Each structure stands twice: as structure tokens, then as C-alpha cells.
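Worksheet for the structure shown next.
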Amino acid sequence: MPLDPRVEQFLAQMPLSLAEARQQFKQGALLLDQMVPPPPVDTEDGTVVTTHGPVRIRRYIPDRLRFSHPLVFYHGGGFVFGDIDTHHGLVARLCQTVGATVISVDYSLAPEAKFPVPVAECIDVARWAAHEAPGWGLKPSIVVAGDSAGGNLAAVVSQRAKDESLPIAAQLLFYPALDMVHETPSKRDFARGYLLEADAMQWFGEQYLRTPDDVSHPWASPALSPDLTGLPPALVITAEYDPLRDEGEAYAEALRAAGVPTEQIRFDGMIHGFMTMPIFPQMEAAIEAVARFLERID
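In the deposited numbering, the protein residues as written are 1 to 15, 22 to 304.
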């Protein structure tokens, strides 16, 4: 399918230290939010006590509460970049469109924190949210969500949920990374020039993982897990022109064949990252997909 016209324009107009790289990622996110402002939304900042230390969160409160489970959202950024502010544009929209309370998580970034620290943190925050939910007038079962690296975290937290006595009603994976071991056709075909590139992904892995062998750990590569039965209902959204497409779609197929209610949606013409890029109308289409999917959970 052709590249979406606006995406192609974006790619064509694209043109240091860790601190500087983090600042540049943050600047890019600000620029997109200036171009397409987020909806106003009530928020409350907080801190959750995890097994690896305090983790800052931001709770988003919808104008009209319509969904009966809290969402817990884990931002992307290759495990190295991003924060609550970089993903505010997405989370504000998820909150208001779904009509859901959302907890946006500022998990610890690599290389300062290495695998599997953010996984532990993300479980801890999920458990916290499940415990608070009745006092917010909600069901204790949570929905986990995230984009890219954050989709990895959501997928891993979902695989660990039963063992961690964590009630999870659904998982929403937005172009997640799921298999750090295997090359797929999309990983070859779209390796360079589509925003998320091969060299960056290598570098992210070097920052996050402790040693090369960690690539085969199921908490790094959740697609390697042989038993997907009984996992939470899954929405898996992919971009057509994304190196991570094929592993995301293969995981969706695997979930479906394991009896997990699964909705698999590829946005044609799109690239990695599109759900934090509000210049593309497909971002809001995908958020509508989330709302429609979550309507079916109860």
C-alpha cells in the first residue's frame, strides 16, 4: 500500500550526549503537540512505591467516566527516552475519548536502570492501580497499554499477571517490540528511513539489556513464550512500514490461536510512532479503535 501522503511529507522534512539525545526527543514531542494541541484534561501527579524505588505517575481523569477499569499506560522511547510529558498527547486523548481513568507511568530509563528493572516497576504500578480502583469507583482489573518499548512492557506485565496475582482485563499493544532474537521480513525491509531504524534499535538494546544473552529472556522477548493461553484480551495495532510490524502481527496471530480474544489492526501507509504524532489523523483513528475495543471488554 502507498506511504500515507502526510507521513511521506514528515519523513522528507526530517534533518551527541545521552542528556542531549533525551532533550531532542522531548523537543520533537513538544513540537508535535504545538502543531496539534492536546485536549484539556484534569490530571493529578503522584508517586508509587515500587520494589526498585519511587516511580512518578500522572493520573488522568476524564470529563465523563464511561469505562469501568483503570488504564495503566507505559510510554515508549526505546527504554532510554520519553516521559509522562512526551506521551501526554496520546494519554490525554485516550483518557477523554475512551472516558477512562489513565495512569501514565514514569518508569526508570536505561542505561541508568537496566533490564529487568522497569518490568518490575511496571508490575508494581499495575498492582497499585488494581488496589486503588474501587476507591475511584472502578473494577479492580486493570487494562495495560503502551507504545513501542511501552508495548513491550505491557505485553510482559500481561504474561506475568497471573503469577503476580495481578488482575488484568485487557492489554493494548501499540506497535510493540516483542522479539529481540529473530529477524523478520519487516525488520529487513524497513530497516532504515522509517523513523525507527536498525542502528537505533541495536543501541537501545545495548543500553537496556545487561548482556547479549538477555535477548532470549521472555521478560525481554515476550513473543518467545510458548504458552499464551489465558492471557488478557489483546488489541494489537501495527504500522505497515515499521521494522517491528511483523513481530507484532505474529504475536497477535499467536494470541488468537491460543484462544485469547484478539483484535489485530494494521494501519496501512503508516510508520512506527504514529500514535504519538497528532499531525496524522490515523492517531485519532487508532484511539477510536481503542475505545471500540474496550467497549467489548464488559
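C-beta: ideal position from N, C-alpha, C; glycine also.
Residue 86 versus residue 127 - alpha carbon distance: A straight-line Cα-Cα distance of about 15 Å links residue 86 and residue 127.
Identified DSSP bridge partners for residue 148: According to DSSP, which records beta bridges pairwise, residue 148 is partnered with 174.
Alpha-carbon spacing of residue 14 relative to residue 236, whole angstroms: Rounded to whole angstroms, residue 14 to residue 236 spans 43 Å at the Cα level.
Taking all protein chains shown into account, decide if residue 279 is buried (16 or more other Cβ within 10 angstroms of its Cβ) or exposed. By the Cβ neighbour-count rule, residue 279 is buried, with 16 or more other Cβ atoms within 10 Å of its own.
DSSP has residue 60 in a bridge; who is on the other side? DSSP, once it has assigned bridges, lists 55 as partnering residue 60.
Nonlocal neighbours in the same chain, by C-beta distance under 7 Å from residue 234, ignoring five residues either side: Correct list, in chain order: 260, 261, 264, 266.
Distance check for residue 303 and residue 84, CA to CA, integer angstroms please. Straight-line Cα distance between these residues: approximately 29 Å.
Using a threshold of 9 Å, state whether the C-beta atoms of residue 191 and residue 39 are closer than that. Contact: no.
Top-ranked residue by Cα proximity to residue 80, from 288, 282, 69: Nearest to residue 80 by C-alpha distance, out of 288, 282, 69, is 282.
Contacting residues, own chain, Cβ-Cβ under 6 Å from residue 295 (five flanking each side not counted): In the same chain as residue 295, and ignoring 5 residues on each side of it, the C-beta atoms closer than 6 Å to its own belong to 271, in chain order.
Enclosing beta strand (DSSP E) for residue 241 [first to last residue]: 240 to 247 is the span of the beta strand (DSSP E), which, as asked, contains residue 241.
Cross-strand partners of residue 48 (DSSP beta bridge): Note: residue 48 is bridge-paired with 67 in the DSSP secondary-structure output.
In its own chain, which residues sit with a C-beta less than 6 Å from the C-beta of residue 110, not counting the 5 before and 5 after it? Taken in chain order, the residues that qualify are 64, 79, 90, 97.
Where residue 206 and residue 159 are concerned, what is the direct C-alpha to C-alpha distance, given to the nearest angstrom? Straight-line Cα distance between these residues: approximately 19 Å.
Return the residue from the list 124, 154, 167 that minimises the CA-CA distance to residue 245. Put simply, of 124, 154, 167 the residue whose alpha carbon is nearest the alpha carbon of residue 245 is 154.
CB contact flag (residue 102, residue 51, <9 Å): One thing to note: residue 102 has its Cβ no nearer than 9 Å to the Cβ of residue 51.
Presumed contact (8 Å Cβ cut-off) between residue 238 and residue 177, rounded CB distance: Sure, about 5 Å apart at Cβ, within 8 Å.
Excluding the 5 residues flanking residue 170 on each side, which residues of the same chain have their C-beta closer than 6 Å to its C-beta? Excluding sequence neighbours, residue 170 sits near 129.
So residue 181 and residue 250 are in contact, right, with Cβ under 8 Å, and what is the actual spacing, rounded? 6 Å between Cβ atoms; contact.
In three-state terms, what does DSSP make of residue 89? DSSP places residue 89 in coil when its eight states are reduced to three.
Kindly indicate which residue of 174, 204, 74, 173 has the alpha-carbon position closest to the one of residue 142. Just measuring C-alpha positions, the residue of 174, 204, 74, 173 sitting nearest residue 142 is 74.
Go through its chain and collect everything with a Cβ distance to residue 243's Cβ below 6 Å, but skip five positions before and after it. So the list reads 180, 271, 292, once near-sequence residues are dropped.
So the alpha helix (DSSP H) residue 207 belongs to, where does it begin and stop? Boundaries of the alpha helix (DSSP H) around residue 207: 204 to 214.
Give the DSSP bridge partners of residue 13, in chain order. Under the DSSP definition of a beta bridge, residue 13 lacks any partner.
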